[PDB]
Amino acid sequence: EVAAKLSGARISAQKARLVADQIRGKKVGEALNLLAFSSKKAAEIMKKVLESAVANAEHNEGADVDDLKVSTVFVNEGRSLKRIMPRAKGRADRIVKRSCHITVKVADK
Amino acid sequence: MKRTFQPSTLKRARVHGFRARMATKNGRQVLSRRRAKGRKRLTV
Amino acid sequence: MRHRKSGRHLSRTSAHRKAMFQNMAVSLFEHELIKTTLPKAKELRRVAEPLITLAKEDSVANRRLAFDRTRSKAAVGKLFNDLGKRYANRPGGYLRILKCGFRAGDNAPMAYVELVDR
Amino acid sequence: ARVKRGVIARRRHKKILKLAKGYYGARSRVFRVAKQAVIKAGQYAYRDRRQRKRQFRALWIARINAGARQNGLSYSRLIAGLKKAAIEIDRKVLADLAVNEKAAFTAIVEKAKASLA
Amino acid sequence: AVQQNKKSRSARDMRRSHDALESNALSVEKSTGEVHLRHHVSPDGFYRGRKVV
RNA sequence: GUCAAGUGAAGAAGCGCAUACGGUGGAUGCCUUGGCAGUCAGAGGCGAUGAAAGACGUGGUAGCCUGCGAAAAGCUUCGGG
RNA sequence: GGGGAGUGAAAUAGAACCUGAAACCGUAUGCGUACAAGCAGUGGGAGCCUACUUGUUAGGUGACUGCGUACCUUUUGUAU
RNA sequence: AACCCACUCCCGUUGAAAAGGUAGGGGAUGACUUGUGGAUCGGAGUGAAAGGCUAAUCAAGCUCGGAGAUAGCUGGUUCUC
RNA sequence: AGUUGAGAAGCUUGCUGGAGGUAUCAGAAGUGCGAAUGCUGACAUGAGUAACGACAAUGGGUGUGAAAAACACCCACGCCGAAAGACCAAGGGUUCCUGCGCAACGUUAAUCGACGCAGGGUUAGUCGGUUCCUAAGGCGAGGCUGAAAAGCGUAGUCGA
């Protein structure tokens, strides 16, 4: 069971858990096919994280890519960035630019 | 929609400048307050 | 309600559509394969194919009826000399549309549109 | 002697939030709602140490009523006949004999009918 | 027009009980052996046993 | 075996509670090169021999502090180390 | 940005770095939830699941059911 | 027409805009419009006058002090038996 | 987590932590928080909703790139043209140009940028200023006046 993590992805967590829910429990090649043809941003990011997890299992252990199953995907929340949008009649509002932490955890069980 | 600050460096320096403050008693004590507070500029 | 109403608006005035579609017609007659959005590909085939059908017959009236609706000298020369002698025995369907993924900046469904004997 | 009150406030809030666990939503996890839910649970629990003694009595009486009517007697005639006699036997063990030991309950209702009340 | 009460976790999540995703229209070319969308040109430019681009 | 009547266990899009691990977040604890208040002393001014307060320069790297002042992170002497 | 390897007593002390709480957001497991009406509990209570070692226990859910209109402040009086 | 103004509608009202936009409208060689510099200032200015304006503030600007004004009023006041 | 007390609370312990703590009995208090449209930080809900800033307008090709609706170039289409063009003053103060970059900023992406890093670039007898001269107005030797502070002013000398 081998992880890869992205600490700070410039998508928010709610948007990334949609794609995270879509590969959980799948085979790795099935998951790479799903992520490589998905219409979204989180799938580009999470495909790169899944590639990293698989290659960590190939190089730091001896597991074949065919044996591997994407076992634990979870998206935590990262540090937001706090910015101002000027609005009408002198009023200012706070924008949070949210980030998130993607962990893909491949295994051969 | 014309606003209330219309900048001119000459009107700046002649109302609020160093020599305008040091011409009068009250401006000299503006500078001594603003120097006693320890301000970096003291002539704005 | 658009019951039985052909044509599509493409978020444009009608003059904008007419300019964009004869631009795409001219660009396809020079390159013979262009890459565009799938609805603009579906509406190019209703502009561009009557021009090739018109080009299957050399007349002065045909070459300045082509010229007022594809208004470039190079595409009237590409028609009537290349496209129209090539497509002389094909009854329509001078171009095909092949879907090719999605645009990266949008999700605009893309399509290749290609002259058939290229 | 400035004394910083954040270490005792925490333990008092942990005590209230531990007493509130199992509750829905903010009733179990934010202090100003958990505190009210714990106090309310305490009032209901005081009230219901009383109503427990009210509710079990009614269930015993209803089971004794049902057992006595199988033997041809009411609840009220049975309780009257068990005091023309002297049984000193309560609604709890009579309901227990109504369900479990039915021949002993039949013996008790026959000694109530024997006193003809 | 505002809420008179903040919405709970539970109702917030029941709203978004519908916004999960699908795109399962993938298939494999018999010639090259790669995955692509149905009725779409391959990412290596093939379509129904023929190179088109 | 069939046909009636009775009865009903799994199958959760999503939720709830508990638990265990996380994430955010900075509390809390511990710490201090900073303050605050006294006591005992000092010396109570600095300036036309140009002050307080500055601007600009000053370095092998050179921004900002801190020193210096075209002799410019220093010069000459005594003394200590 | 990570997965290792090294350093270190310790790296879930890795530089946004001692400790690292709560709000808030997740993933996993157990149980309950799609014919049921309200301050969300409380009294009763079946079932199921875990540890034990078994029982007249401990922990977790809580079908079903009786009672049940938050807290404050102000008031003659507030679910209001 | 420029320029200066702001009569009407509609939009906008969380605005593109803390007073605008688009259609129309008034003056447009004058009691006009405007640049640059200067003067008048808080029971005090200036006012073809409306309590208008005096830095998005005006029946007495802003700021700092008297100052922790005063409040028979409102709100709040923290562990246990 | 267990346990003990009528309570505030106490005691024992698993894990974490990695350097301090304070039986007892007294002294002292910045001594106990849920409310004050309380203060300050973090984070929710609304909600992945409204918007993304004039309704001049975009379509292909080619390149570069990790990736191009948006960069660059080519072809074509539109738009301004008493300006959406060229320029001077004011105000700004390096934004200018060229290499390298893309974290953040840019209401999206960016290989592009008025953004980051580093270099370079501003040449005058004649163009503007200083210098010469004065207007309004200022300051003003002495001087008149005024509790003081100061006011006004002559010679003067600033002031476009």
# chains A, B, ... in the order shown; residues from 1 in each chain; ligands from 1

call {"tool": "select_by_dssp", "arguments": {"residues": "chain C", "states": "alpha helix (DSSP H)", "output": "VMD selection string"}}
result
chain C and resid 14 to 31 38 to 55 60 to 67 73 to 78

call {"tool": "write_last_selection", "arguments": {"atoms": "C-alpha atoms", "output": "short mmCIF file (atom, residue, chain, number, x, y, z; two decimals), in the first residue's frame"}}
result
data_model
loop_
_atom_site.label_atom_id
_atom_site.label_comp_id
_atom_site.auth_asym_id
_atom_site.auth_seq_id
_atom_site.Cartn_x
_atom_site.Cartn_y
_atom_site.Cartn_z
CA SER C 14 -27.00 36.96 -38.59
CA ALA C 15 -24.32 39.00 -40.34
CA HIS C 16 -21.76 37.56 -37.93
CA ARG C 17 -22.90 34.05 -38.86
CA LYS C 18 -22.68 34.85 -42.54
CA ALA C 19 -19.13 36.17 -42.17
CA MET C 20 -17.98 33.30 -39.96
CA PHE C 21 -19.47 30.64 -42.20
CA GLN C 22 -18.05 31.91 -45.43
CA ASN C 23 -14.71 32.35 -43.66
CA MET C 24 -14.85 28.70 -42.61
CA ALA C 25 -15.86 27.75 -46.14
CA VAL C 26 -12.84 29.58 -47.60
CA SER C 27 -10.49 28.14 -44.98
CA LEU C 28 -11.74 24.64 -45.61
CA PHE C 29 -11.43 25.02 -49.36
CA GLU C 30 -7.80 25.97 -48.99
CA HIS C 31 -6.72 23.56 -46.27
CA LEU C 38 -18.97 20.53 -33.49
CA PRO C 39 -22.02 22.84 -33.94
CA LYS C 40 -20.09 25.15 -36.26
CA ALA C 41 -19.11 21.99 -38.12
CA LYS C 42 -22.76 20.94 -38.30
CA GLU C 43 -23.65 24.33 -39.76
CA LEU C 44 -20.66 24.57 -42.08
CA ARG C 45 -22.00 21.62 -44.05
CA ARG C 46 -25.09 23.63 -45.03
CA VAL C 47 -22.97 26.54 -46.31
CA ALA C 48 -19.95 24.80 -47.80
CA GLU C 49 -21.47 21.91 -49.71
CA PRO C 50 -23.76 23.92 -52.05
CA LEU C 51 -20.61 25.79 -53.06
CA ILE C 52 -19.03 22.55 -54.27
CA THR C 53 -22.27 21.56 -55.99
CA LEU C 54 -22.26 24.97 -57.66
CA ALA C 55 -18.63 24.43 -58.60
CA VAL C 60 -19.43 32.75 -65.76
CA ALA C 61 -22.74 33.01 -63.90
CA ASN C 62 -21.65 30.10 -61.73
CA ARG C 63 -18.24 31.56 -60.97
CA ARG C 64 -19.60 34.94 -59.92
CA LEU C 65 -22.47 33.31 -58.10
CA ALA C 66 -19.80 31.41 -56.28
CA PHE C 67 -17.78 34.58 -55.85
CA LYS C 73 -10.62 34.77 -55.60
CA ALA C 74 -8.54 31.87 -54.36
CA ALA C 75 -11.50 29.76 -53.28
CA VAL C 76 -13.39 30.36 -56.51
CA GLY C 77 -10.19 29.23 -58.21
CA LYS C 78 -9.87 26.23 -55.89
#

call {"tool": "residues_around", "arguments": {"residues": "stretch 8-25 of chain A", "least_positions_apart": "6", "cutoff": "6 Å", "atoms": "only C-alpha atoms (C1' of nucleotides)", "output": "PyMOL selection string"}}
result
chain A and resi 31+42+70-71+77-78+98-101

call {"tool": "write_last_selection", "arguments": {"atoms": "C-alpha atoms", "output": "JSON list (two decimals), in the first residue's frame"}}
result
[["chain", "number", "residue", "atom", "x", "y", "z"],
["A", 31, "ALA", "CA", -8.77, 4.65, -13.13],
["A", 42, "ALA", "CA", -9.39, 17.78, -10.82],
["A", 70, "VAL", "CA", -6.47, 2.43, -6.16],
["A", 71, "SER", "CA", -7.42, 1.79, -2.55],
["A", 77, "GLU", "CA", -8.56, 20.98, 2.60],
["A", 78, "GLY", "CA", -5.46, 23.08, 2.14],
["A", 98, "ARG", "CA", -9.25, 27.44, -1.63],
["A", 99, "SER", "CA", -6.70, 24.70, -2.06],
["A", 100, "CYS", "CA", -6.79, 21.01, -1.22],
["A", 101, "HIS", "CA", -4.65, 17.97, -0.47]]

call {"tool": "interface_residues", "arguments": {"of": "chain F", "to": "chain E", "cutoff": "10 Å", "atoms": "only C-alpha atoms (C1' of nucleotides)", "output": "PDB file with N, CA and C atoms (P, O5', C5', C4', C3', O3' and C1' of nucleotides), in the first residue's frame"}}
result
ATOM      1  P     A F  13     -26.063   4.300  -2.769  1.00  0.00           P
ATOM      2  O5'   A F  13     -26.935   5.255  -3.689  1.00  0.00           O
ATOM      3  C5'   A F  13     -26.426   5.832  -4.880  1.00  0.00           C
ATOM      4  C4'   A F  13     -27.109   7.143  -5.168  1.00  0.00           C
ATOM      5  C3'   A F  13     -26.638   8.305  -4.317  1.00  0.00           C
ATOM      6  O3'   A F  13     -25.536   8.963  -4.917  1.00  0.00           O
ATOM      7  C1'   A F  13     -29.005   8.173  -4.251  1.00  0.00           C
ATOM      8  P     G F  14     -24.190   9.294  -4.115  1.00  0.00           P
ATOM      9  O5'   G F  14     -24.651  10.335  -3.032  1.00  0.00           O
ATOM     10  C5'   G F  14     -24.710   9.978  -1.672  1.00  0.00           C
ATOM     11  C4'   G F  14     -25.829  10.704  -0.999  1.00  0.00           C
ATOM     12  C3'   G F  14     -25.671  10.884   0.479  1.00  0.00           C
ATOM     13  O3'   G F  14     -24.799  11.933   0.805  1.00  0.00           O
ATOM     14  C1'   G F  14     -27.803  10.046   0.060  1.00  0.00           C
ATOM     15  P     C F  15     -24.177  12.006   2.263  1.00  0.00           P
ATOM     16  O5'   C F  15     -25.295  12.811   3.041  1.00  0.00           O
ATOM     17  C5'   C F  15     -25.253  12.983   4.433  1.00  0.00           C
ATOM     18  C4'   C F  15     -26.594  12.765   5.064  1.00  0.00           C
ATOM     19  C3'   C F  15     -26.500  12.340   6.505  1.00  0.00           C
ATOM     20  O3'   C F  15     -26.268  13.413   7.385  1.00  0.00           O
ATOM     21  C1'   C F  15     -27.959  10.888   5.392  1.00  0.00           C
ATOM     22  P     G F  16     -24.926  13.426   8.234  1.00  0.00           P
ATOM     23  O5'   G F  16     -25.429  13.234   9.719  1.00  0.00           O
ATOM     24  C5'   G F  16     -26.781  13.474  10.052  1.00  0.00           C
ATOM     25  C4'   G F  16     -27.309  12.456  11.021  1.00  0.00           C
ATOM     26  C3'   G F  16     -26.345  11.970  12.078  1.00  0.00           C
ATOM     27  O3'   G F  16     -26.164  12.865  13.155  1.00  0.00           O
ATOM     28  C1'   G F  16     -27.503  10.143  11.159  1.00  0.00           C
TER      29        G F  16
END

call {"tool": "interface_residues", "arguments": {"of": "chain D", "to": "chain H", "cutoff": "12 Å", "atoms": "only C-alpha atoms (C1' of nucleotides)", "output": "PyMOL selection string"}}
result
chain D and resi 5+8-9+12

call {"tool": "write_last_selection", "arguments": {"atoms": "N, CA and C atoms", "output": "CSV table (one decimal), in the first residue's frame"}}
result
chain,number,residue,atom,x,y,z
D,5,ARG,N,-7.3,31.9,31.8
D,5,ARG,CA,-8.4,31.0,32.1
D,5,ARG,C,-8.7,30.0,31.0
D,8,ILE,N,-9.0,25.8,32.1
D,8,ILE,CA,-10.1,25.3,32.9
D,8,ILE,C,-11.4,25.4,32.1
D,9,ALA,N,-11.5,26.4,31.3
D,9,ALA,CA,-12.6,26.6,30.4
D,9,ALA,C,-12.7,25.4,29.4
D,12,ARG,N,-14.0,22.2,31.4
D,12,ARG,CA,-15.5,22.4,31.7
D,12,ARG,C,-16.3,22.2,30.4

call {"tool": "interface_residues", "arguments": {"of": "chain D", "to": "chain E", "cutoff": "12 Å", "atoms": "only C-alpha atoms", "output": "PyMOL selection string"}}
result
chain D and resi 24-27

call {"tool": "interface_residues", "arguments": {"of": "chain H", "to": "chain A", "cutoff": "9 Å", "atoms": "only C-alpha atoms (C1' of nucleotides)", "output": "ChimeraX atom specification"}}
result
/H:14-15,17-18

call {"tool": "interface_residues", "arguments": {"of": "chain C", "to": "chain E", "cutoff": "12 Å", "atoms": "only C-alpha atoms", "output": "MDAnalysis selection string"}}
result
chainID C and resid 32:35 38 96:102 109:118

call {"tool": "residues_around", "arguments": {"residues": "residue C:105", "least_positions_apart": "2", "cutoff": "7 Å", "atoms": "only C-alpha atoms (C1' of nucleotides)", "output": "PDB file with N, CA and C atoms (P, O5', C5', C4', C3', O3' and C1' of nucleotides), in the first residue's frame"}}
result
ATOM      1  N   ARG C 103     -12.146  20.857 -26.472  1.00  0.00           N
ATOM      2  CA  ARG C 103     -11.202  21.948 -26.349  1.00  0.00           C
ATOM      3  C   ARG C 103     -10.734  22.083 -24.905  1.00  0.00           C
ATOM      4  N   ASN C 107     -15.056  23.463 -22.399  1.00  0.00           N
ATOM      5  CA  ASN C 107     -15.311  22.162 -22.991  1.00  0.00           C
ATOM      6  C   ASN C 107     -16.167  22.437 -24.203  1.00  0.00           C
TER       7      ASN C 107
ATOM      8  P     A I  69      -7.283  25.952 -26.715  1.00  0.00           P
ATOM      9  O5'   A I  69      -8.321  26.883 -27.452  1.00  0.00           O
ATOM     10  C5'   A I  69      -7.928  27.622 -28.585  1.00  0.00           C
ATOM     11  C4'   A I  69      -8.722  28.885 -28.701  1.00  0.00           C
ATOM     12  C3'   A I  69      -8.104  30.115 -28.082  1.00  0.00           C
ATOM     13  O3'   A I  69      -7.167  30.714 -28.936  1.00  0.00           O
ATOM     14  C1'   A I  69     -10.373  29.973 -27.488  1.00  0.00           C
ATOM     15  P     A I 109      -7.072  30.552 -13.708  1.00  0.00           P
ATOM     16  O5'   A I 109      -6.592  29.956 -15.091  1.00  0.00           O
ATOM     17  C5'   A I 109      -6.620  28.563 -15.328  1.00  0.00           C
ATOM     18  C4'   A I 109      -6.092  28.235 -16.695  1.00  0.00           C
ATOM     19  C3'   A I 109      -4.696  28.734 -17.009  1.00  0.00           C
ATOM     20  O3'   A I 109      -3.680  27.887 -16.512  1.00  0.00           O
ATOM     21  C1'   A I 109      -6.127  29.288 -18.780  1.00  0.00           C
TER      22        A I 109
END

call {"tool": "closest_atom_pairs", "arguments": {"of": "stretch 1-26 of chain B", "to": "stretch 34-44 of chain B", "cutoff": "12 Å", "atoms": "only C-alpha atoms", "output": "JSON lines"}}
result
{"residue": "B:9", "atom": "CA", "partner": "B:44", "partner_atom": "CA", "distance": 10.9}
{"residue": "B:11", "atom": "CA", "partner": "B:44", "partner_atom": "CA", "distance": 11.9}
{"residue": "B:12", "atom": "CA", "partner": "B:44", "partner_atom": "CA", "distance": 8.2}
{"residue": "B:13", "atom": "CA", "partner": "B:44", "partner_atom": "CA", "distance": 8.4}
{"residue": "B:14", "atom": "CA", "partner": "B:44", "partner_atom": "CA", "distance": 11.1}
{"residue": "B:15", "atom": "CA", "partner": "B:44", "partner_atom": "CA", "distance": 10.1}
{"residue": "B:16", "atom": "CA", "partner": "B:44", "partner_atom": "CA", "distance": 6.6}
{"residue": "B:17", "atom": "CA", "partner": "B:43", "partner_atom": "CA", "distance": 6.0}
{"residue": "B:18", "atom": "CA", "partner": "B:43", "partner_atom": "CA", "distance": 5.9}
{"residue": "B:19", "atom": "CA", "partner": "B:43", "partner_atom": "CA", "distance": 9.6}
{"residue": "B:20", "atom": "CA", "partner": "B:43", "partner_atom": "CA", "distance": 9.9}
{"residue": "B:21", "atom": "CA", "partner": "B:43", "partner_atom": "CA", "distance": 8.4}
{"residue": "B:22", "atom": "CA", "partner": "B:43", "partner_atom": "CA", "distance": 10.5}

call {"tool": "interface_residues", "arguments": {"of": "chain F", "to": "chain D", "cutoff": "8 Å", "atoms": "only C-alpha atoms (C1' of nucleotides)", "output": "JSON, numbers by chain"}}
result
{"F": [16, 17, 18, 28]}

call {"tool": "residues_around", "arguments": {"residues": "residue I:54", "least_positions_apart": "6", "cutoff": "12 Å", "atoms": "only C-alpha atoms (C1' of nucleotides)", "output": "list in words"}}
result
residues 16, 21 and 22 of chain H

call {"tool": "write_last_selection", "arguments": {"atoms": "N, CA, C and O atoms (P, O5', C5', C4', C3', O3' and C1' of nucleotides)", "output": "PDB file, in the first residue's frame"}}
result
ATOM      1  P     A H  16     -22.293  45.353 -11.991  1.00  0.00           P
ATOM      2  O5'   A H  16     -21.280  46.317 -12.718  1.00  0.00           O
ATOM      3  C5'   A H  16     -19.889  46.188 -12.544  1.00  0.00           C
ATOM      4  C4'   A H  16     -19.188  47.410 -13.052  1.00  0.00           C
ATOM      5  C3'   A H  16     -19.303  48.666 -12.218  1.00  0.00           C
ATOM      6  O3'   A H  16     -18.425  48.672 -11.104  1.00  0.00           O
ATOM      7  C1'   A H  16     -19.665  49.187 -14.485  1.00  0.00           C
ATOM      8  P     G H  21     -22.848  59.052 -17.529  1.00  0.00           P
ATOM      9  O5'   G H  21     -23.434  57.848 -18.372  1.00  0.00           O
ATOM     10  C5'   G H  21     -22.674  56.673 -18.596  1.00  0.00           C
ATOM     11  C4'   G H  21     -23.545  55.557 -19.106  1.00  0.00           C
ATOM     12  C3'   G H  21     -24.505  55.919 -20.222  1.00  0.00           C
ATOM     13  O3'   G H  21     -23.915  55.910 -21.503  1.00  0.00           O
ATOM     14  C1'   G H  21     -25.641  54.681 -18.578  1.00  0.00           C
ATOM     15  P     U H  22     -24.222  57.084 -22.534  1.00  0.00           P
ATOM     16  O5'   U H  22     -24.992  56.382 -23.719  1.00  0.00           O
ATOM     17  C5'   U H  22     -25.190  54.988 -23.731  1.00  0.00           C
ATOM     18  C4'   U H  22     -26.620  54.638 -24.026  1.00  0.00           C
ATOM     19  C3'   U H  22     -27.411  55.670 -24.785  1.00  0.00           C
ATOM     20  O3'   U H  22     -27.072  55.705 -26.151  1.00  0.00           O
ATOM     21  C1'   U H  22     -28.741  54.739 -23.079  1.00  0.00           C
TER      22        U H  22
END

call {"tool": "interface_residues", "arguments": {"of": "chain F", "to": "chain A", "cutoff": "12 Å", "atoms": "only C-alpha atoms (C1' of nucleotides)", "output": "MDAnalysis selection string"}}
result
chainID F and resid 22:25

call {"tool": "residues_around", "arguments": {"residues": "stretch 50-64 of chain F", "least_positions_apart": "5", "cutoff": "8 Å", "atoms": "only C-alpha atoms (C1' of nucleotides)", "output": "VMD selection string"}}
result
(chain B and resid 35) or (chain F and resid 69 72 to 73)

call {"tool": "atom_distance", "arguments": {"atom1": "atom CA of residue D:72", "atom2": "atom CA of residue D:105"}}
result
12.6 Å

call {"tool": "atom_distance", "arguments": {"atom1": "atom CA of residue D:40", "atom2": "atom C1' of residue G:39"}}
result
9.9 Å

call {"tool": "interface_residues", "arguments": {"of": "chain I", "to": "chain B", "cutoff": "9 Å", "atoms": "only C-alpha atoms (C1' of nucleotides)", "output": "JSON, numbers by chain"}}
result
{"I": [90, 91, 149]}

call {"tool": "residues_around", "arguments": {"residues": "stretch 93-106 of chain I", "least_positions_apart": "3", "cutoff": "8 Å", "atoms": "only C-alpha atoms (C1' of nucleotides)", "output": "PyMOL selection string"}}
result
chain I and resi 114-117+120-121

call {"tool": "closest_atom_pairs", "arguments": {"of": "chain I", "to": "chain C", "cutoff": "9 Å", "atoms": "only C-alpha atoms (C1' of nucleotides)", "output": "Markdown table"}}
result
| residue | atom | partner | partner_atom | distance |
| --- | --- | --- | --- | --- |
| I:57 | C1' | C:16 | CA | 7.1 |
| I:58 | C1' | C:20 | CA | 7.1 |
| I:59 | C1' | C:20 | CA | 5.4 |
| I:60 | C1' | C:27 | CA | 5.6 |
| I:61 | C1' | C:31 | CA | 7.7 |
| I:67 | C1' | C:104 | CA | 8.6 |
| I:68 | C1' | C:105 | CA | 8.1 |
| I:69 | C1' | C:105 | CA | 6.4 |
| I:70 | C1' | C:105 | CA | 9.0 |
| I:75 | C1' | C:27 | CA | 8.6 |
| I:76 | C1' | C:23 | CA | 6.5 |
| I:77 | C1' | C:19 | CA | 6.4 |
| I:78 | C1' | C:16 | CA | 8.5 |
| I:108 | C1' | C:105 | CA | 8.3 |
| I:109 | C1' | C:105 | CA | 6.2 |

call {"tool": "closest_residue", "arguments": {"among": "I:36, I:139, I:28, I:52", "to": "chain D", "atoms": "only C-alpha atoms (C1' of nucleotides)"}}
result
I:28
